[PDB]
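Alright, two takes on the same chain below, each alone as structure tokens: structure 1 and structure 2.
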Structure 1
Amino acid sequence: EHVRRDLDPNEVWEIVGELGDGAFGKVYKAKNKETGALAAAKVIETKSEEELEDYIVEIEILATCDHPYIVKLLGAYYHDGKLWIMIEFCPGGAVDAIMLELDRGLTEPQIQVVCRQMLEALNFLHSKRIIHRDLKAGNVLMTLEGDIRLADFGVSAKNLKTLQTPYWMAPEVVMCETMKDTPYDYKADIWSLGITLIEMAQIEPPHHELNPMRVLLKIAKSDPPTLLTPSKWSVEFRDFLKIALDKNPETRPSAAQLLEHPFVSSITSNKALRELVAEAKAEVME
């Protein structure tokens, strides 16, 4: 058990601030009493010991995934009726919040670094048989060194609900088993990645202008999205998008394959992102 049921968390940890109320809840800024290190925390009051299981599964995921580009789990406590989960503090904030502060999208050299780094994360995740299912610029966090961190496994953990003859089975039912089970569902993250790259270029994902209920339909019947003004962007970018955003997941490539694409195969430094994070920090000061 990575959740220490013993040991009250106010022995080691100490709260110092808030950060934001977005959808799921509040997020505190936390400090380590011994080492003095910063962490980002969630203190959850639990409606149900049944539901709790979802957050425990997230913790298990986080504890298994040691990779440079995925947030470190610094601690996990259940004490009183509350659940404490401490994450490596990422002081550059999320890329979407970055685009709000600078009031613009990322440049192509910036997107390349993010894309390259996400591919390495996904490729790691997919070889551990984990799917993110919730990739968007708001879940890509930045460190001051200009590296990303993938952050929220709240959807991915809910889907490891799967932890809990068919001669008469319908076609569309068959396909939603092989699609949702294995070799095929890795490709969903690949699609989302493609969409996160367009969000980064254009600030808003495709179909932002549509009401949420109608997007699902639009995604189903539409041609795959492309960049609004293809003048602005390199052929390598458009072609990367072209092949990542294949509606047919069978032919859509894996992360490991896309790491061999010219758009990211020559990315040796994270400088462009180091520069963007610095511009953001300075803008926050005003």
Structure 2
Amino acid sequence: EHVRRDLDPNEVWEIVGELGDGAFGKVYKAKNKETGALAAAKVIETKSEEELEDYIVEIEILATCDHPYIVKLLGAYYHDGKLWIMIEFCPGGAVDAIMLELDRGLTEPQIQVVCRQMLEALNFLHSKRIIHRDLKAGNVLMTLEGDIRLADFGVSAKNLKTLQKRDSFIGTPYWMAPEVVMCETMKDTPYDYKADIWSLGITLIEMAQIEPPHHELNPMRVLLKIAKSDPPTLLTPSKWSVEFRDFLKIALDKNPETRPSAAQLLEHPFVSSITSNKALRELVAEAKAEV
């Protein structure tokens, strides 16, 4: 429905830079030759219809999300042997890249805005039973106006319509909920969506401390560490308000049944009074000043 095979995107889009590479193909920065609008271009070269299903589901996810805090689908093409997914480009970049550029973590007011907007985005997704499943600071993008966009629904799309949990990941899963580490069949429970709430909590600590919990270990031990350890905490509690520590205490619940939902966490005093993104605009403006 959203994929066009008649037109070649190379006549429509000019590749103007490379945003990331991996086994998944590449992500490009692209400028449309007519408008000049920018886009992230996820290009995957594959001819098998099984593999193409996974990526068309990602297009389907983006197409149904009209919420502003999710990256927008700008268009989609398949010809030659490559599928092009054109996605909203966020000039602010990812939060993890911003912390590296500034050589510091976010302030608590900045984390509160990110937390609040992430919670509204998750409440919107979960109401459609879309579970992101791969939250981390690298998948929280920023606009220059100081709002987030959740990105990279690749893991979400490969798990959306199938009943067999894809027990398969790349890299080190610092953000994985303990029931997912233990490979529990969460789809036969009410609590599959709770994995995102745990990942959100880890992402907050990552933004507080620049690196996620257990980043200092040999990466081979992280899964075991997540399964066996008490929930992570802010290691310098005097730096942070009791509301932040309390929010983390309830979100980083190892039991997915009692872990709160995104809607419940929107009632928490850490975010219940956050109405302005000003603190994130300042952060983006300060990051733009460094480069």
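For clarity, a rigid core is taken as the largest C-alpha set superposing within 1.5 Å between two forms. Counting starts at 1 and follows the sequence of structure 1.
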Inset, instruction - Align on the rigid core first; then say whether the Cα of residue 123 has moved by at least 2 Å between the two structures. - result: no
Legend entry - Residue shift check between the two structures, rigid core fit, residue 34 Cα at least 2 Å: yes
Legend entry - After fitting the core, residue 12 CA displacement of 2 Å or more between the two structures: yes
Inset, instruction - State the core-superposed CA shift for residue 182 between the two structures, in Å to one decimal. - result: 5.0
Legend entry - Rigid-core-fitted C-alpha displacement of residue 25 between the two structures (angstrom): 3.9
Legend entry - Per-residue Cα shift, residue 88, between the two structures [Å; core superposed]: 1.2
